[PDB]
file target-v6.pdb (PDB, C-alpha atoms (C1' of nucleotides))
ATOM      1  CA  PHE Z   1      94.943  42.613  73.209  1.00  0.00           C
ATOM      2  CA  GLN Z   2      98.706  42.968  73.728  1.00  0.00           C
ATOM      3  CA  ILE Z   3     101.382  44.170  71.220  1.00  0.00           C
ATOM      4  CA  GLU Z   4     104.450  41.871  71.392  1.00  0.00           C
ATOM      5  CA  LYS Z   5     108.179  42.642  71.029  1.00  0.00           C
ATOM      6  CA  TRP Z   6     108.314  40.773  67.660  1.00  0.00           C
ATOM      7  CA  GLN Z   7     105.768  43.363  66.235  1.00  0.00           C
ATOM      8  CA  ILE Z   8     107.785  46.219  67.893  1.00  0.00           C
ATOM      9  CA  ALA Z   9     111.098  44.829  66.368  1.00  0.00           C
ATOM     10  CA  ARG Z  10     109.849  45.530  62.787  1.00  0.00           C
ATOM     11  CA  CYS Z  11     109.132  49.267  63.429  1.00  0.00           C
ATOM     12  CA  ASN Z  12     111.360  52.347  62.766  1.00  0.00           C
ATOM     13  CA  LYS Z  13     112.701  53.570  66.192  1.00  0.00           C
ATOM     14  CA  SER Z  14     114.256  56.876  64.945  1.00  0.00           C
ATOM     15  CA  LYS Z  15     110.954  58.849  65.172  1.00  0.00           C
ATOM     16  CA  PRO Z  16     107.519  58.405  66.802  1.00  0.00           C
ATOM     17  CA  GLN Z  17     105.459  59.141  63.638  1.00  0.00           C
ATOM     18  CA  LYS Z  18     107.694  56.635  61.743  1.00  0.00           C
ATOM     19  CA  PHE Z  19     107.232  54.048  64.540  1.00  0.00           C
ATOM     20  CA  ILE Z  20     103.399  54.603  64.393  1.00  0.00           C
ATOM     21  CA  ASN Z  21     103.330  54.326  60.527  1.00  0.00           C
ATOM     22  CA  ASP Z  22     105.207  50.942  60.792  1.00  0.00           C
ATOM     23  CA  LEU Z  23     103.232  49.556  63.807  1.00  0.00           C
ATOM     24  CA  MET Z  24      99.787  50.455  62.268  1.00  0.00           C
ATOM     25  CA  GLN Z  25     101.003  48.657  59.034  1.00  0.00           C
ATOM     26  CA  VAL Z  26     101.954  45.518  61.112  1.00  0.00           C
ATOM     27  CA  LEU Z  27      98.563  45.492  62.983  1.00  0.00           C
ATOM     28  CA  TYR Z  28      96.053  46.665  60.351  1.00  0.00           C
ATOM     29  CA  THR Z  29      95.157  46.256  56.632  1.00  0.00           C
ATOM     30  CA  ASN Z  30      95.202  49.385  54.437  1.00  0.00           C
ATOM     31  CA  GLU Z  31      91.391  49.010  53.882  1.00  0.00           C
ATOM     32  CA  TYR Z  32      90.776  48.902  57.682  1.00  0.00           C
ATOM     33  CA  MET Z  33      92.914  52.094  58.274  1.00  0.00           C
ATOM     34  CA  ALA Z  34      91.207  53.893  55.295  1.00  0.00           C
ATOM     35  CA  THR Z  35      87.687  53.191  56.739  1.00  0.00           C
ATOM     36  CA  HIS Z  36      88.319  53.905  60.478  1.00  0.00           C
ATOM     37  CA  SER Z  37      89.283  57.027  62.509  1.00  0.00           C
ATOM     38  CA  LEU Z  38      90.893  57.235  65.975  1.00  0.00           C
ATOM     39  CA  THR Z  39      87.599  58.237  67.745  1.00  0.00           C
ATOM     40  CA  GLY Z  40      84.733  57.707  65.236  1.00  0.00           C
ATOM     41  CA  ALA Z  41      83.831  61.447  65.425  1.00  0.00           C
ATOM     42  CA  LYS Z  42      82.396  63.382  62.424  1.00  0.00           C
ATOM     43  CA  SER Z  43      84.999  65.755  60.819  1.00  0.00           C
ATOM     44  CA  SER Z  44      84.136  69.482  61.258  1.00  0.00           C
ATOM     45  CA  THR Z  45      84.425  69.748  57.386  1.00  0.00           C
ATOM     46  CA  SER Z  46      82.491  66.559  56.312  1.00  0.00           C
ATOM     47  CA  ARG Z  47      78.838  67.516  55.548  1.00  0.00           C
ATOM     48  CA  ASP Z  48      76.188  64.750  55.153  1.00  0.00           C
ATOM     49  CA  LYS Z  49      78.825  62.007  54.533  1.00  0.00           C
ATOM     50  CA  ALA Z  50      79.415  58.514  56.082  1.00  0.00           C
ATOM     51  CA  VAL Z  51      81.178  58.800  59.471  1.00  0.00           C
ATOM     52  CA  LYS Z  52      84.107  56.336  59.769  1.00  0.00           C
ATOM     53  CA  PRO Z  53      83.772  54.053  62.809  1.00  0.00           C
ATOM     54  CA  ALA Z  54      86.341  54.354  65.711  1.00  0.00           C
ATOM     55  CA  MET Z  55      89.315  52.037  66.260  1.00  0.00           C
ATOM     56  CA  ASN Z  56      89.038  49.581  69.216  1.00  0.00           C
ATOM     57  CA  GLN Z  57      89.958  51.847  72.220  1.00  0.00           C
ATOM     58  CA  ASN Z  58      91.790  48.873  73.891  1.00  0.00           C
ATOM     59  CA  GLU Z  59      94.033  48.664  70.745  1.00  0.00           C
ATOM     60  CA  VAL Z  60      94.491  52.488  70.716  1.00  0.00           C
ATOM     61  CA  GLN Z  61      95.634  52.512  74.397  1.00  0.00           C
ATOM     62  CA  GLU Z  62      98.047  49.543  73.786  1.00  0.00           C
ATOM     63  CA  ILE Z  63      99.457  51.434  70.726  1.00  0.00           C
ATOM     64  CA  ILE Z  64      99.925  54.543  72.943  1.00  0.00           C
ATOM     65  CA  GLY Z  65     101.574  52.579  75.839  1.00  0.00           C
ATOM     66  CA  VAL Z  66     104.077  50.792  73.505  1.00  0.00           C
ATOM     67  CA  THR Z  67     104.900  54.100  71.762  1.00  0.00           C
ATOM     68  CA  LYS Z  68     105.301  55.942  75.158  1.00  0.00           C
ATOM     69  CA  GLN Z  69     107.701  53.136  76.307  1.00  0.00           C
ATOM     70  CA  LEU Z  70     109.990  53.678  73.235  1.00  0.00           C
ATOM     71  CA  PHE Z  71     109.503  57.517  73.161  1.00  0.00           C
ATOM     72  CA  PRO Z  72     109.225  58.781  76.778  1.00  0.00           C
ATOM     73  CA  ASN Z  73     109.446  62.464  75.600  1.00  0.00           C
ATOM     74  CA  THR Z  74     106.290  62.166  73.403  1.00  0.00           C
ATOM     75  CA  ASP Z  75     102.920  62.526  75.203  1.00  0.00           C
ATOM     76  CA  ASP Z  76      99.342  61.192  74.890  1.00  0.00           C
ATOM     77  CA  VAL Z  77      98.002  64.095  72.744  1.00  0.00           C
ATOM     78  CA  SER Z  78     100.919  63.812  70.216  1.00  0.00           C
ATOM     79  CA  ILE Z  79     100.652  59.970  69.788  1.00  0.00           C
ATOM     80  CA  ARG Z  80      96.870  60.267  69.240  1.00  0.00           C
ATOM     81  CA  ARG Z  81      97.484  62.873  66.453  1.00  0.00           C
ATOM     82  CA  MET Z  82     100.143  60.568  64.929  1.00  0.00           C
ATOM     83  CA  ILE Z  83      97.743  57.569  64.790  1.00  0.00           C
ATOM     84  CA  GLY Z  84      95.172  59.950  63.157  1.00  0.00           C
ATOM     85  CA  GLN Z  85      97.894  61.113  60.660  1.00  0.00           C
ATOM     86  CA  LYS Z  86      98.632  57.503  59.564  1.00  0.00           C
ATOM     87  CA  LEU Z  87      94.821  56.752  59.257  1.00  0.00           C
ATOM     88  CA  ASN Z  88      94.332  59.990  57.210  1.00  0.00           C
ATOM     89  CA  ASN Z  89      97.076  58.888  54.706  1.00  0.00           C
ATOM     90  CA  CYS Z  90      95.419  55.529  53.847  1.00  0.00           C
ATOM     91  CA  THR Z  91      93.092  55.388  50.767  1.00  0.00           C
ATOM     92  CA  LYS Z  92      90.470  52.626  50.024  1.00  0.00           C
TER      93      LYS Z  92
ATOM     94  CA  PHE B   1     113.987  90.389  67.627  1.00  0.00           C
ATOM     95  CA  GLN B   2     114.873  88.723  70.962  1.00  0.00           C
ATOM     96  CA  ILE B   3     112.485  87.472  73.694  1.00  0.00           C
ATOM     97  CA  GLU B   4     113.451  88.987  77.091  1.00  0.00           C
ATOM     98  CA  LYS B   5     113.384  86.989  80.384  1.00  0.00           C
ATOM     99  CA  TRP B   6     110.656  89.335  81.734  1.00  0.00           C
ATOM    100  CA  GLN B   7     108.331  87.998  78.925  1.00  0.00           C
ATOM    101  CA  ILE B   8     109.266  84.295  79.660  1.00  0.00           C
ATOM    102  CA  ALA B   9     108.705  85.042  83.435  1.00  0.00           C
ATOM    103  CA  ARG B  10     104.949  85.806  82.816  1.00  0.00           C
ATOM    104  CA  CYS B  11     104.322  82.311  81.317  1.00  0.00           C
ATOM    105  CA  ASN B  12     103.108  78.925  82.686  1.00  0.00           C
ATOM    106  CA  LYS B  13     106.159  76.526  82.951  1.00  0.00           C
ATOM    107  CA  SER B  14     104.066  73.304  83.532  1.00  0.00           C
ATOM    108  CA  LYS B  15     103.261  72.353  79.857  1.00  0.00           C
ATOM    109  CA  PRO B  16     104.723  73.610  76.548  1.00  0.00           C
ATOM    110  CA  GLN B  17     101.241  74.438  75.056  1.00  0.00           C
ATOM    111  CA  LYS B  18     100.351  76.574  78.151  1.00  0.00           C
ATOM    112  CA  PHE B  19     103.787  78.255  77.977  1.00  0.00           C
ATOM    113  CA  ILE B  20     103.280  78.971  74.199  1.00  0.00           C
ATOM    114  CA  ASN B  21      99.698  80.322  74.831  1.00  0.00           C
ATOM    115  CA  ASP B  22     100.982  82.658  77.625  1.00  0.00           C
ATOM    116  CA  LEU B  23     104.163  83.659  75.648  1.00  0.00           C
ATOM    117  CA  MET B  24     102.259  84.520  72.460  1.00  0.00           C
ATOM    118  CA  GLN B  25      99.624  86.595  74.393  1.00  0.00           C
ATOM    119  CA  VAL B  26     102.561  88.583  75.946  1.00  0.00           C
ATOM    120  CA  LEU B  27     104.123  89.217  72.465  1.00  0.00           C
ATOM    121  CA  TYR B  28     101.076  89.679  70.137  1.00  0.00           C
ATOM    122  CA  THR B  29      97.603  91.292  70.173  1.00  0.00           C
ATOM    123  CA  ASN B  30      94.609  88.888  69.919  1.00  0.00           C
ATOM    124  CA  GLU B  31      93.723  90.559  66.541  1.00  0.00           C
ATOM    125  CA  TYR B  32      97.223  89.915  65.124  1.00  0.00           C
ATOM    126  CA  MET B  33      97.031  86.227  66.214  1.00  0.00           C
ATOM    127  CA  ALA B  34      93.374  86.039  64.962  1.00  0.00           C
ATOM    128  CA  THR B  35      94.546  87.071  61.437  1.00  0.00           C
ATOM    129  CA  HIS B  36      97.915  85.223  61.016  1.00  0.00           C
ATOM    130  CA  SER B  37      98.866  81.583  60.411  1.00  0.00           C
ATOM    131  CA  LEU B  38     102.320  80.098  61.212  1.00  0.00           C
ATOM    132  CA  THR B  39     103.463  79.867  57.510  1.00  0.00           C
ATOM    133  CA  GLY B  40     100.779  81.767  55.529  1.00  0.00           C
ATOM    134  CA  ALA B  41     100.018  78.577  53.506  1.00  0.00           C
ATOM    135  CA  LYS B  42      96.830  78.627  51.401  1.00  0.00           C
ATOM    136  CA  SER B  43      94.073  76.535  53.046  1.00  0.00           C
ATOM    137  CA  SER B  44      93.558  72.998  51.544  1.00  0.00           C
ATOM    138  CA  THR B  45      89.779  73.727  52.042  1.00  0.00           C
ATOM    139  CA  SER B  46      88.531  77.414  51.988  1.00  0.00           C
ATOM    140  CA  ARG B  47      90.116  78.662  48.684  1.00  0.00           C
ATOM    141  CA  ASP B  48      87.914  81.845  48.224  1.00  0.00           C
ATOM    142  CA  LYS B  49      88.596  83.933  51.428  1.00  0.00           C
ATOM    143  CA  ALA B  50      91.873  85.982  51.652  1.00  0.00           C
ATOM    144  CA  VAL B  51      94.830  83.848  52.891  1.00  0.00           C
ATOM    145  CA  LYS B  52      95.950  84.647  56.492  1.00  0.00           C
ATOM    146  CA  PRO B  53      99.548  85.905  56.172  1.00  0.00           C
ATOM    147  CA  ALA B  54     102.561  84.119  57.823  1.00  0.00           C
ATOM    148  CA  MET B  55     104.111  84.973  61.180  1.00  0.00           C
ATOM    149  CA  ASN B  56     107.636  86.506  61.018  1.00  0.00           C
ATOM    150  CA  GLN B  57     109.874  83.371  60.786  1.00  0.00           C
ATOM    151  CA  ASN B  58     112.629  85.009  62.950  1.00  0.00           C
ATOM    152  CA  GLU B  59     110.025  85.549  65.676  1.00  0.00           C
ATOM    153  CA  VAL B  60     108.869  81.914  65.154  1.00  0.00           C
ATOM    154  CA  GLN B  61     112.443  80.553  65.688  1.00  0.00           C
ATOM    155  CA  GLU B  62     112.965  82.786  68.781  1.00  0.00           C
ATOM    156  CA  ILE B  63     109.693  81.386  70.259  1.00  0.00           C
ATOM    157  CA  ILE B  64     110.844  77.766  69.483  1.00  0.00           C
ATOM    158  CA  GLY B  65     114.315  78.506  70.961  1.00  0.00           C
ATOM    159  CA  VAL B  66     112.905  79.944  74.234  1.00  0.00           C
ATOM    160  CA  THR B  67     110.388  77.028  74.400  1.00  0.00           C
ATOM    161  CA  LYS B  68     113.193  74.418  73.817  1.00  0.00           C
ATOM    162  CA  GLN B  69     115.307  75.965  76.678  1.00  0.00           C
ATOM    163  CA  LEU B  70     112.401  75.336  79.162  1.00  0.00           C
ATOM    164  CA  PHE B  71     111.107  72.067  77.559  1.00  0.00           C
ATOM    165  CA  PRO B  72     114.251  70.389  76.128  1.00  0.00           C
ATOM    166  CA  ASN B  73     112.403  67.105  75.357  1.00  0.00           C
ATOM    167  CA  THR B  74     109.725  68.757  73.134  1.00  0.00           C
ATOM    168  CA  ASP B  75     110.604  68.471  69.392  1.00  0.00           C
ATOM    169  CA  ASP B  76     110.739  71.488  67.000  1.00  0.00           C
ATOM    170  CA  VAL B  77     107.720  70.282  64.902  1.00  0.00           C
ATOM    171  CA  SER B  78     105.452  69.807  67.990  1.00  0.00           C
ATOM    172  CA  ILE B  79     106.339  73.388  69.046  1.00  0.00           C
ATOM    173  CA  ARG B  80     105.343  74.588  65.512  1.00  0.00           C
ATOM    174  CA  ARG B  81     101.940  72.784  65.876  1.00  0.00           C
ATOM    175  CA  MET B  82     101.496  74.400  69.368  1.00  0.00           C
ATOM    176  CA  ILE B  83     102.194  77.906  67.877  1.00  0.00           C
ATOM    177  CA  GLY B  84      99.616  77.002  65.183  1.00  0.00           C
ATOM    178  CA  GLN B  85      97.094  75.810  67.882  1.00  0.00           C
ATOM    179  CA  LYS B  86      97.381  79.188  69.752  1.00  0.00           C
ATOM    180  CA  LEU B  87      96.885  81.248  66.517  1.00  0.00           C
ATOM    181  CA  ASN B  88      93.781  79.029  65.851  1.00  0.00           C
ATOM    182  CA  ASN B  89      92.664  79.648  69.486  1.00  0.00           C
ATOM    183  CA  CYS B  90      92.391  83.419  68.586  1.00  0.00           C
ATOM    184  CA  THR B  91      90.079  83.011  65.471  1.00  0.00           C
TER     185      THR B  91
ATOM    186  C1'  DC L   1      89.240  81.610  74.252  1.00  0.00           C
ATOM    187  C1'  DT L   2      90.805  76.202  74.636  1.00  0.00           C
ATOM    188  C1'  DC L   3      91.350  71.547  73.310  1.00  0.00           C
ATOM    189  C1'  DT L   4      90.526  67.586  70.532  1.00  0.00           C
ATOM    190  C1'  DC L   5      90.341  66.008  66.217  1.00  0.00           C
ATOM    191  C1'  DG L   6      88.957  64.245  60.763  1.00  0.00           C
ATOM    192  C1'  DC L   7      90.065  66.111  56.901  1.00  0.00           C
ATOM    193  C1'  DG L   8      92.412  68.186  52.643  1.00  0.00           C
ATOM    194  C1'  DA L   9      96.134  70.170  49.028  1.00  0.00           C
ATOM    195  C1'  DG L  10     100.197  69.482  47.103  1.00  0.00           C
ATOM    196  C1'  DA L  11     104.881  68.483  47.177  1.00  0.00           C
ATOM    197  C1'  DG L  12     108.363  64.868  48.798  1.00  0.00           C
TER     198       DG L  12
ATOM    199  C1'  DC F   1     102.956  55.929  50.931  1.00  0.00           C
ATOM    200  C1'  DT F   2     104.375  60.507  53.847  1.00  0.00           C
ATOM    201  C1'  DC F   3     104.727  65.204  55.672  1.00  0.00           C
ATOM    202  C1'  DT F   4     103.455  70.125  56.759  1.00  0.00           C
ATOM    203  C1'  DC F   5     100.099  72.709  58.222  1.00  0.00           C
ATOM    204  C1'  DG F   6      95.187  75.343  57.907  1.00  0.00           C
ATOM    205  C1'  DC F   7      90.026  74.757  58.514  1.00  0.00           C
ATOM    206  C1'  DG F   8      86.585  74.166  61.669  1.00  0.00           C
ATOM    207  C1'  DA F   9      82.622  71.521  64.800  1.00  0.00           C
ATOM    208  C1'  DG F  10      81.673  70.666  69.372  1.00  0.00           C
ATOM    209  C1'  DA F  11      82.404  70.257  74.294  1.00  0.00           C
ATOM    210  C1'  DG F  12      84.752  72.602  77.699  1.00  0.00           C
TER     211       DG F  12
END

call {"tool": "encode", "arguments": {"input": "target-v6.pdb", "output": "structure tokens"}}
result
Amino acid sequence: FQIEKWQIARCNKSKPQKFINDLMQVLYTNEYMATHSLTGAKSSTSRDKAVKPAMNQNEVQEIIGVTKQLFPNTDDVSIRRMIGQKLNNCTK
Amino acid sequence: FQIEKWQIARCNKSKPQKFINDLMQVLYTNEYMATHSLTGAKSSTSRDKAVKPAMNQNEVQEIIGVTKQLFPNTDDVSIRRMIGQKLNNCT
DNA sequence: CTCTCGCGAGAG
DNA sequence: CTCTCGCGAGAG
């Protein structure tokens, strides 16, 4: 699993969160992003509810590497939160 | 309100979050940080308990300014989240 | 305390 | 859709 330049060409380059919003939209359906989390962990505030399965960690790490290449001043922890932010803003 | 170099000098320079954690512990008591949020916004979740009041926004901008001088490639909004993380760290 | 991290309101 | 930003479990 390898993100290509033609996928990267379609994505806002002004800001990392904007790049992530565009790239996730190129790679994934809305239904997929609404039903998965970054890590598959239970939310501290979800009691006795379905736990969303994790993204493919190979796809996560490719997403992070491509983002890091275009945004050298963003770091691992920030890009992870940004992928989570996009996933959190998708509804079934 | 101005942050002095003697306060900056007591702080980890390796990572912005470590710097912010050190800097805020030099400026504020644990109990102050325990009981404030960055902006004083009402929780999206716990709507019953009293709302933690905001930090002083002048102090916030002086912290972001001093952070930005040492970590010029960290953006303003990340620094705001890091100030938030450290307040949360005191709860 | 510290970090990571899924979630939510409510206003753009 | 998109952002800011507070809660809070669990492992460290």

call {"tool": "resolve_selection", "arguments": {"input": "target-v6.pdb", "expression": "the PyMOL selection byres ((chain Z) within 12 of (chain F))", "output": "ChimeraX atom specification"}}
result
/Z:17-18,21-22,25,30,41-47,82,85-91

call {"tool": "interface_residues", "arguments": {"input": "target-v6.pdb", "of": "chain B", "to": "chain L", "cutoff": "10 Å", "atoms": "only C-alpha atoms (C1' of nucleotides)", "output": "list in words"}}
result
residues 21, 42, 43, 44, 45, 85, 86, 88, 89, 90 and 91 of chain B

call {"tool": "atom_distance", "arguments": {"input": "target-v6.pdb", "atom1": "atom CA of residue 58 of chain B", "atom2": "atom CA of residue 12 of chain B"}}
result
22.7 Å

call {"tool": "interface_residues", "arguments": {"input": "target-v6.pdb", "of": "chain Z", "to": "chain B", "cutoff": "8 Å", "atoms": "only C-alpha atoms", "output": "VMD selection string"}}
result
chain Z and resid 73 to 74 78

call {"tool": "atom_distance", "arguments": {"input": "target-v6.pdb", "atom1": "atom CA of residue 7 of chain Z", "atom2": "atom CA of residue 27 of chain Z"}}
result
8.2 Å

call {"tool": "atom_distance", "arguments": {"input": "target-v6.pdb", "atom1": "atom CA of residue 50 of chain B", "atom2": "atom CA of residue 30 of chain B"}}
result
18.7 Å

call {"tool": "resolve_selection", "arguments": {"input": "target-v6.pdb", "expression": "the PyMOL selection byres ((chain B and resi 56) around 12)", "output": "PDB file with C-alpha atoms, in the coordinates of the input"}}
result
ATOM      1  CA  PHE B   1     113.987  90.389  67.627  1.00  0.00           C
ATOM      2  CA  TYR B  28     101.076  89.679  70.137  1.00  0.00           C
ATOM      3  CA  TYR B  32      97.223  89.915  65.124  1.00  0.00           C
ATOM      4  CA  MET B  33      97.031  86.227  66.214  1.00  0.00           C
ATOM      5  CA  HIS B  36      97.915  85.223  61.016  1.00  0.00           C
ATOM      6  CA  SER B  37      98.866  81.583  60.411  1.00  0.00           C
ATOM      7  CA  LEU B  38     102.320  80.098  61.212  1.00  0.00           C
ATOM      8  CA  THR B  39     103.463  79.867  57.510  1.00  0.00           C
ATOM      9  CA  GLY B  40     100.779  81.767  55.529  1.00  0.00           C
ATOM     10  CA  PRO B  53      99.548  85.905  56.172  1.00  0.00           C
ATOM     11  CA  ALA B  54     102.561  84.119  57.823  1.00  0.00           C
ATOM     12  CA  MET B  55     104.111  84.973  61.180  1.00  0.00           C
ATOM     13  CA  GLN B  57     109.874  83.371  60.786  1.00  0.00           C
ATOM     14  CA  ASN B  58     112.629  85.009  62.950  1.00  0.00           C
ATOM     15  CA  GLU B  59     110.025  85.549  65.676  1.00  0.00           C
ATOM     16  CA  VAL B  60     108.869  81.914  65.154  1.00  0.00           C
ATOM     17  CA  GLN B  61     112.443  80.553  65.688  1.00  0.00           C
ATOM     18  CA  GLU B  62     112.965  82.786  68.781  1.00  0.00           C
ATOM     19  CA  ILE B  63     109.693  81.386  70.259  1.00  0.00           C
TER      20      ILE B  63
END

call {"tool": "residues_near_point", "arguments": {"input": "target-v6.pdb", "point": "(96.0, 51.1, 70.8)", "cutoff": "12 Å", "atoms": "only C-alpha atoms (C1' of nucleotides)", "output": "JSON list (two decimals) with C-alpha atoms, in the coordinates of the input"}}
result
[["chain", "number", "residue", "atom", "x", "y", "z"],
["Z", 1, "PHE", "CA", 94.94, 42.61, 73.21],
["Z", 2, "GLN", "CA", 98.71, 42.97, 73.73],
["Z", 3, "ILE", "CA", 101.38, 44.17, 71.22],
["Z", 20, "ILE", "CA", 103.40, 54.60, 64.39],
["Z", 23, "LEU", "CA", 103.23, 49.56, 63.81],
["Z", 24, "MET", "CA", 99.79, 50.46, 62.27],
["Z", 27, "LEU", "CA", 98.56, 45.49, 62.98],
["Z", 28, "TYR", "CA", 96.05, 46.66, 60.35],
["Z", 38, "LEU", "CA", 90.89, 57.24, 65.97],
["Z", 39, "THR", "CA", 87.60, 58.24, 67.74],
["Z", 54, "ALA", "CA", 86.34, 54.35, 65.71],
["Z", 55, "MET", "CA", 89.32, 52.04, 66.26],
["Z", 56, "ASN", "CA", 89.04, 49.58, 69.22],
["Z", 57, "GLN", "CA", 89.96, 51.85, 72.22],
["Z", 58, "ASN", "CA", 91.79, 48.87, 73.89],
["Z", 59, "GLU", "CA", 94.03, 48.66, 70.74],
["Z", 60, "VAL", "CA", 94.49, 52.49, 70.72],
["Z", 61, "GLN", "CA", 95.63, 52.51, 74.40],
["Z", 62, "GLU", "CA", 98.05, 49.54, 73.79],
["Z", 63, "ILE", "CA", 99.46, 51.43, 70.73],
["Z", 64, "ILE", "CA", 99.92, 54.54, 72.94],
["Z", 65, "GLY", "CA", 101.57, 52.58, 75.84],
["Z", 66, "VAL", "CA", 104.08, 50.79, 73.50],
["Z", 67, "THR", "CA", 104.90, 54.10, 71.76],
["Z", 68, "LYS", "CA", 105.30, 55.94, 75.16],
["Z", 76, "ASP", "CA", 99.34, 61.19, 74.89],
["Z", 79, "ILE", "CA", 100.65, 59.97, 69.79],
["Z", 80, "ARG", "CA", 96.87, 60.27, 69.24],
["Z", 82, "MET", "CA", 100.14, 60.57, 64.93],
["Z", 83, "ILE", "CA", 97.74, 57.57, 64.79],
["Z", 84, "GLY", "CA", 95.17, 59.95, 63.16]]

call {"tool": "closest_residue", "arguments": {"input": "target-v6.pdb", "among": "Z:75, Z:12, Z:48, Z:92", "to": "residue 36 of chain Z", "atoms": "all atoms listed in the file"}}
result
Z:92

call {"tool": "axis_aligned_box", "arguments": {"input": "target-v6.pdb", "around": "chain L", "padding_each_side": "8 Å", "output": "JSON"}}
result
{"center_x": 98.7, "center_y": 72.9, "center_z": 60.9, "size_x": 35.4, "size_y": 33.4, "size_z": 43.5}

call {"tool": "closest_residue", "arguments": {"input": "target-v6.pdb", "among": "Z:52, Z:5, Z:81, Z:15", "to": "residue 33 of chain Z", "atoms": "all atoms listed in the file"}}
result
Z:52

call {"tool": "resolve_selection", "arguments": {"input": "target-v6.pdb", "expression": "the PyMOL selection byres ((chain B and resi 7) around 10)", "output": "MDAnalysis selection string"}}
result
chainID B and resid 3:6 8:11 22:27

call {"tool": "write_last_selection", "arguments": {"input": "target-v6.pdb", "atoms": "C-alpha atoms", "output": "PDB file, in the coordinates of the input"}}
result
ATOM      1  CA  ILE B   3     112.485  87.472  73.694  1.00  0.00           C
ATOM      2  CA  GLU B   4     113.451  88.987  77.091  1.00  0.00           C
ATOM      3  CA  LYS B   5     113.384  86.989  80.384  1.00  0.00           C
ATOM      4  CA  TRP B   6     110.656  89.335  81.734  1.00  0.00           C
ATOM      5  CA  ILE B   8     109.266  84.295  79.660  1.00  0.00           C
ATOM      6  CA  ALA B   9     108.705  85.042  83.435  1.00  0.00           C
ATOM      7  CA  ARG B  10     104.949  85.806  82.816  1.00  0.00           C
ATOM      8  CA  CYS B  11     104.322  82.311  81.317  1.00  0.00           C
ATOM      9  CA  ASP B  22     100.982  82.658  77.625  1.00  0.00           C
ATOM     10  CA  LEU B  23     104.163  83.659  75.648  1.00  0.00           C
ATOM     11  CA  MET B  24     102.259  84.520  72.460  1.00  0.00           C
ATOM     12  CA  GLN B  25      99.624  86.595  74.393  1.00  0.00           C
ATOM     13  CA  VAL B  26     102.561  88.583  75.946  1.00  0.00           C
ATOM     14  CA  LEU B  27     104.123  89.217  72.465  1.00  0.00           C
TER      15      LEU B  27
END

call {"tool": "decode", "arguments": {"input": "target-v6.pdb", "residues": "segment 2-12 of chain L", "atoms": "N, CA, C and O atoms (P, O5', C5', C4', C3', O3' and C1' of nucleotides)", "output": "compact mmCIF listing (two decimals), in the first residue's frame"}}
result
# COMPACT_ATOMS: atom_id res chain seq x y z
P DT L 2 3.23 17.10 34.24
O5' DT L 2 2.98 15.84 33.29
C5' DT L 2 4.04 14.91 33.07
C4' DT L 2 3.65 13.93 31.98
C3' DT L 2 3.06 14.56 30.72
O3' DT L 2 4.02 14.58 29.66
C1' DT L 2 1.89 12.56 31.40
P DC L 3 3.68 15.24 28.25
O5' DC L 3 3.00 14.03 27.48
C5' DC L 3 3.69 12.77 27.36
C4' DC L 3 2.77 11.73 26.76
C3' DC L 3 2.10 12.14 25.45
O3' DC L 3 2.61 11.32 24.39
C1' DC L 3 0.54 11.10 26.96
P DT L 4 2.17 11.53 22.86
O5' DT L 4 0.90 10.58 22.72
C5' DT L 4 0.98 9.18 23.04
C4' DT L 4 -0.41 8.59 23.02
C3' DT L 4 -1.21 8.89 21.74
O3' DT L 4 -1.63 7.65 21.17
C1' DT L 4 -2.55 9.23 23.64
P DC L 5 -2.35 7.57 19.76
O5' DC L 5 -3.86 7.88 20.14
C5' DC L 5 -4.56 6.91 20.94
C4' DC L 5 -5.89 7.50 21.30
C3' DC L 5 -6.61 8.02 20.06
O3' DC L 5 -7.62 7.11 19.71
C1' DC L 5 -6.82 9.46 21.94
P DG L 6 -8.45 7.27 18.36
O5' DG L 6 -9.93 7.40 18.93
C5' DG L 6 -10.45 6.38 19.77
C4' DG L 6 -11.89 6.69 20.15
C3' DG L 6 -12.80 7.13 19.01
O3' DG L 6 -14.11 6.63 19.30
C1' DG L 6 -12.53 8.91 20.55
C1' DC L 7 -15.83 11.77 21.28
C3' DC L 7 -17.63 10.70 20.09
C4' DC L 7 -16.66 9.78 20.79
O3' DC L 7 -19.00 10.48 20.44
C5' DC L 7 -16.46 8.39 20.24
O5' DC L 7 -15.87 8.43 18.99
P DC L 7 -15.35 7.01 18.37
P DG L 8 -20.17 11.18 19.58
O5' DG L 8 -20.33 12.58 20.32
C5' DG L 8 -20.69 12.67 21.71
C4' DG L 8 -20.64 14.13 22.11
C3' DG L 8 -21.37 15.02 21.10
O3' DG L 8 -22.45 15.77 21.64
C1' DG L 8 -19.15 15.87 21.56
P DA L 9 -23.37 16.60 20.64
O5' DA L 9 -23.28 18.07 21.24
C5' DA L 9 -23.12 18.32 22.63
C4' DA L 9 -22.78 19.78 22.79
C3' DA L 9 -23.69 20.75 22.03
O3' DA L 9 -23.78 21.92 22.85
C1' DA L 9 -21.48 20.90 21.15
P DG L 10 -24.87 23.07 22.54
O5' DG L 10 -24.20 23.93 21.39
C5' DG L 10 -23.14 24.85 21.73
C4' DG L 10 -22.60 25.44 20.45
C3' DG L 10 -23.70 25.83 19.46
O3' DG L 10 -23.26 27.02 18.81
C1' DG L 10 -22.22 24.45 18.42
P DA L 11 -24.13 28.34 18.89
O5' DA L 11 -23.24 29.35 18.03
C5' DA L 11 -21.84 29.50 18.30
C4' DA L 11 -21.02 29.36 17.04
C3' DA L 11 -21.66 30.00 15.80
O3' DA L 11 -20.73 30.85 15.15
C1' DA L 11 -20.89 27.84 15.30
P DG L 12 -21.22 31.91 14.06
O5' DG L 12 -20.01 31.90 13.05
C5' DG L 12 -19.97 30.79 12.21
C4' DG L 12 -18.58 30.62 11.67
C3' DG L 12 -18.52 30.91 10.17
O3' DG L 12 -17.28 31.44 9.71
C1' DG L 12 -18.55 28.54 10.63
